[PDB]
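A.B. asks: Before the rest arrives, take these chains from my complex:
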Amino acid sequence: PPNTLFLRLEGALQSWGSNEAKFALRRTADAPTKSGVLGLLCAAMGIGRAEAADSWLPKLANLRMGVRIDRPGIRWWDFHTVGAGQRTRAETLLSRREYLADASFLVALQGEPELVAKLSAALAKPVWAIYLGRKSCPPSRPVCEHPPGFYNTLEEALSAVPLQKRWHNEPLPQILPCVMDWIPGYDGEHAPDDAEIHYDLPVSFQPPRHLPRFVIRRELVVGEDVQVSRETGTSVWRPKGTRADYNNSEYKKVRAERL
């Protein structure tokens, strides 16, 4: 019956690549792409290379999904100087990479509970050194958080999960953008005239060949289904030490011993 696991993507840095990167300007998109969480999925099963192209991408390519923005991280650019033939000649190759900094996400994966049941025991224990879509970008939160359950609609699943808070006096996005796929309600349905095309759909893996997909914007305000969570967990150390104990019951009796 639990048809959806809510992937938790959170770290200091993360990047799921966009289409406009063939040359040294390598860029990302403001959403975890389909093959930016399916690569995490394939690593979580412990396989890769050309095995994912068969029976692993089409095994879920018939399955719709939705993503949620807990906080929109800002885009950061890192200088990167490949040394080429230096640790050919000493001609230093040049590049620039795009990094999404301090962004938390929540992906949905809906339709049936057997694959989600296989997948629930894939995030925590089975690994192939999973990261946030970039090899040098660590997931700072337990990815196996937000336990599965039955919520029939995309919005109900995407909004029926508690929303975290790091410190008490922290600004919180009152509108949570939702990225959802296209639902063919009837055969012959044409896409609405606001759905931008994203090119995140692999049919092979190495070397990357791709298919496009339709992405529908959606919105979510807090309060009706989603809500803040308990924070606790004091991030303030200030080394502990008691003081000022005249007597509870064990100073009267303990003064006399050394007297």
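C.D. replies: Everything's here; your move. Residues are numbered from 1 along each chain as shown, chains lettered A, B, ... in the order given.
A.B. asks: where along chain A do the helices fall?
C.D. replies: A:34-45, A:113-120, A:154-159, A:252-258 (DSSP state H).
A.B. asks: Tabulate those (CSV), appending distance to residue A:57 and mean neighbour count.
C.D. replies: No exception for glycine: its C-beta is placed from N, CA and C like everyone else's. Converted to CSV, the helices of chain A look like this (distance: least, Cβ to Cβ, whole Å; neighbours: other Cβ atoms under 10 Å):
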stretch, distance to residue A:57, mean neighbour count
helix A:34-45, 7, 21
helix A:113-120, 13, 15
helix A:154-159, 21, 21
helix A:252-258, 71, 8
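A.B. asks: closest one to residue A:200 among those?
C.D. replies: helix A:34-45 (4.2 Å; Cβ to Cβ).
A.B. asks: could you dump the helices of chain A to a markdown table with distance to residue A:134?
C.D. replies: Shown next, in a markdown table, are those (distance: least, Cβ to Cβ, whole Å):
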| stretch | distance to residue A:134 |
| --- | --- |
| helix A:34-45 | 9 |
| helix A:113-120 | 22 |
| helix A:154-159 | 24 |
| helix A:252-258 | 60 |
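A.B. asks: closest to residue A:168 out of those?
C.D. replies: helix A:154-159 (23.5 Å).
A.B. asks: Which neighbouring elements make contact with that closest one?
C.D. replies: strand A:66-71, strand A:178-180 (3 or more Cβ pairs under 8 Å, 6 or more residues apart in numbering; DSSP states H and E).
A.B. asks: of all those strands, which lies closest to residue A:241?
C.D. replies: Of those, nearest to residue A:241 by Cβ to Cβ is strand A:66-71, at 36.4 Å.
A.B. asks: ok, now chain B:
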Amino acid sequence: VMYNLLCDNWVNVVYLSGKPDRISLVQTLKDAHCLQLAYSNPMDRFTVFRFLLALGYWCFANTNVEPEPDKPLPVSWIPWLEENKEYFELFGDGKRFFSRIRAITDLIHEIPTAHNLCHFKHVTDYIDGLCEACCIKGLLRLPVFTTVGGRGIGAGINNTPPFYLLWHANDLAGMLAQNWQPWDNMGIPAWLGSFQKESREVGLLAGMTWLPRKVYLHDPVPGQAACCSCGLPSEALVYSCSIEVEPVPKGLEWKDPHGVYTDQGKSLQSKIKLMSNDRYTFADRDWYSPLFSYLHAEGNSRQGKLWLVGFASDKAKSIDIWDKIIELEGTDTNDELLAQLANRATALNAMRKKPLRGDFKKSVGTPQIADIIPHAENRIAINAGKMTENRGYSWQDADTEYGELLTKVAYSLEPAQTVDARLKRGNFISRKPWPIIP
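C.D. replies: If we add chain B to the chains shown above, we get the following:
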């Protein structure tokens, strides 16, 4: 082997019903109203639509029927395109579509070629295969996106690949219909035989299908068995290409329907460099630059979704490619404000080059200002056409988003809880890009 454009599937396109296939020409103009151009490379989409637009202009010159809106392409083009099967052929004895031998990898500019390096980005010339479809849609980038090959190898019909401004639509019929503006000259397109030089101002279909480089190609004793560079597993693939240079003769007064031209006549290139030199600061995709020559000279203010392609290139180095679907309805224009918008790179570099204190002219300034410029540009540029039309989005309120990243950068820069450090943080906050009248 036998190949044909009208018969064999070549263009990767999504359907409005929701299934991307590979289809040939006859299905994509006979349906023409349930599909969209779906290429990973954006200027590749632009090249394929350019080919379709030149084909439509050819069909209009022959059968004389304009494309009416909200109705697929007229049926009077298949009895003009169905009788010529010797026309669009690639291999064999006959005229082809569009000594010196270079690698086939330089034809598709995204794939690295025989550079001055012992190694490339995990590719190697004359080794990695490439399929017929990508070769053929890489030949469409010859007339329109050909760069300088070291000042001795010529370019295309323009000295540098210009900025291309172009109208986008939800429909392929809508794409062809919204960009139908013709001119009285006919020209001589390259799918005919040897073009006649005749007089200058050769036309439109001649410049749409201009050939800066001859391509012949060669096929060895069969070929491969699976893909190695493309990604789509295909049959025996090609090995290498053949290329030569036609020196474009002087003169040839020619203005591009989609091109963006400087007032002095040179082509306008995209202004993106990965180096933040003394005169440049890396910001983002430069949709802002090609607005003066397309909202004042050709097309001007008009209804329809506008699309922008920028392929920056310095001499013979391809550095990036991107796209931008910008919003445009045609509510007139302001000359001066759009002139400031026509180059924000100078303003951004002038804002970056300001140091913390002093007056030296080529000090690097604040280098962490340059690290927050791209996110601010991405936040500004999502409603780039709303900023363009000047309804409620202006320069003076676009920099209001810069304040937050600048507050936290100033928190990093002046880590003192003093009165003075708070004052320098506040003076740091007031920084914003000032417009320039060039």
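A.B. asks: show me what contacts the residue in chain A positioned nearest to chain B?
C.D. replies: In chain A, no residue comes nearer to chain B than residue A:209, which is 2.8 Å away by Cβ to the nearest Cβ. Counting by Cβ atoms under 8 Å, 6 or more residues apart in numbering or on different chains, residue A:209 touches A:202, A:203, B:230, B:231, B:232.
A.B. asks: Which of the helices or strands spans residue B:411?
C.D. replies: helix B:402-413 (DSSP states H and E).
A.B. asks: Distance check, the single nearest residue of chain B relative to chain A against residue A:233.
C.D. replies: With Cβ to the nearest Cβ as the measure, residue B:231 is the residue of chain B nearest to chain A, at 2.8 Å. For residue B:231, the distance to residue A:233 (Cβ to Cβ, to the nearest Å) stands at 46 Å.
A.B. asks: Name all residues that make contact with the residue of chain B closest to chain A.
C.D. replies: A:204, A:207, A:208, A:209, A:210.
A.B. asks: who in the stretch 201-350 of chain B is up against chain A?
C.D. replies: Contact residues (Cβ under 8 Å from any Cβ of the partner chain) of the stretch 201-350 of chain B with chain A: B:227-233, B:272, B:274-275, B:282, B:285, B:318-323, B:325.
A.B. asks: I'd like the list of the residues you listed that fall within strands, please.
C.D. replies: Among these, the ones falling in strands (DSSP state E) are B:318, B:322, B:323, B:325.
A.B. asks: For the closest residue to residue B:383 other than its chain neighbours, the count of nearby residues, please.
C.D. replies: Using Cβ to Cβ, 6 or more residues apart in numbering or on different chains and skipping residues adjacent in sequence, the residue nearest residue B:383 is residue B:393, 6.4 Å away. The tally of other residues near residue B:393 (other Cβ atoms under 10 Å in any protein chain shown) stands at 16.
A.B. asks: okay, chain C goes in next:
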Amino acid sequence: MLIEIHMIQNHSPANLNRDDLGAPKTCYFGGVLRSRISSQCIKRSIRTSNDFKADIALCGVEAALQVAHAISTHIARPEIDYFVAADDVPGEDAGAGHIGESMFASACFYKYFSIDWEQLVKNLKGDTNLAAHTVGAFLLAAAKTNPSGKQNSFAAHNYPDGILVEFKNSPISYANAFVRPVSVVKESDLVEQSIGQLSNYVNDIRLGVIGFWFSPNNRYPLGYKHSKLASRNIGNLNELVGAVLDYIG
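C.D. replies: Now chain C, sitting on the chains shown earlier:
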């Protein structure tokens, strides 16, 4: 099974990673700007020198490493410099040089490493105990030579103070400990306050393996209680190396 070398590393004032214009590189985390060294820089610094080579299956089957960007435990503090190269031959006036400006930053960093079970066994090279030998080299070779940089003018090779090694298999960086950048209170060190923040995060998450902890002459305890949050408050050079060696096999 997975190796997480959570490492603290203070730095005396010196610039180590330089961007186009020469600044120390920066990251964004916790709603503040923090100093950063690139993962490529520290990963190449782990290579390219023979003291660590005392390893080509680990930074090349591709390679076997997850090295994170060095997130500062506090806010970034970039400073600037001003140098004058003298003339040293008496002219009609004084001063001759480039009269430029340099720039530097002192920060206390954090990083996270990942070496899985098959990611170390299929690394292999030629042995099956090599899957313990190379790791045993690594756990203190990662804290062996600070990268490189402007060391000939900004000499900084400060060895790290507090080193974690965990055998938890679920890959989670403890960067959420530094969601709030570390402030300084007079009775504790900056490194001691950062290690208290790491300890305070350690007492969490276990509510919903072990803690192998390194403190040289145990000056830094992971929690000021007898209920130690690591229970292994020890460490001396290759004692930890051999203990990981017979923890793995």
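A.B. asks: if we can go back for a sec, mind checking what helix or strand follows the helix holding residue B:411 in sequence?
C.D. replies: That would be, after helix B:402-413 and using DSSP H and E, helix B:419-429.
A.B. asks: can you pull out the strands in the stretch 1-150 of chain A?
C.D. replies: For the stretch 1-150 of chain A, applying DSSP state E, counting those that start in this stretch gives strands covering A:7-9, A:13-14, A:25-26, A:66-71, A:74-80, A:95-101, A:104-107.
A.B. asks: Return the residues in contact with the spatially most central residue of chain A.
C.D. replies: For chain A, the residue nearest the mean C-alpha position is residue A:9 (2.0 Å; Cα atoms, centre = their mean). By Cβ under 8 Å, 6+ apart, residue A:9 lies in contact with A:32, A:37, A:103, A:104, A:105, A:106, A:107, A:132, A:133, A:139, A:143.
A.B. asks: which of those lies closest to chain C?
C.D. replies: Using Cβ to the nearest Cβ, these come closest to chain C at residue A:139, 6.4 Å.
A.B. asks: if I read this right, that closest one contacts residue A:129, doesn't it?
C.D. replies: No. Under the criterion of Cβ atoms under 8 Å, residue A:139 makes no contact with residue A:129, lying 10.8 Å away.
A.B. asks: quick one on the thing from earlier: who is the residue nearest to the centre of chain A paired with across the strands?
C.D. replies: Judged by DSSP bridges, the bridge partners of residue A:9 are residue A:105.
A.B. asks: Could you see whether chain A lies near the longest helix seen in chain C?
C.D. replies: As assigned by DSSP H, the longest helix anywhere in chain C is helix C:190-203. Yes. Judged by Cβ under 8 Å from any Cβ, helix C:190-203 and chain A are in contact via C:193, C:196, C:197, C:199, C:200, C:201.
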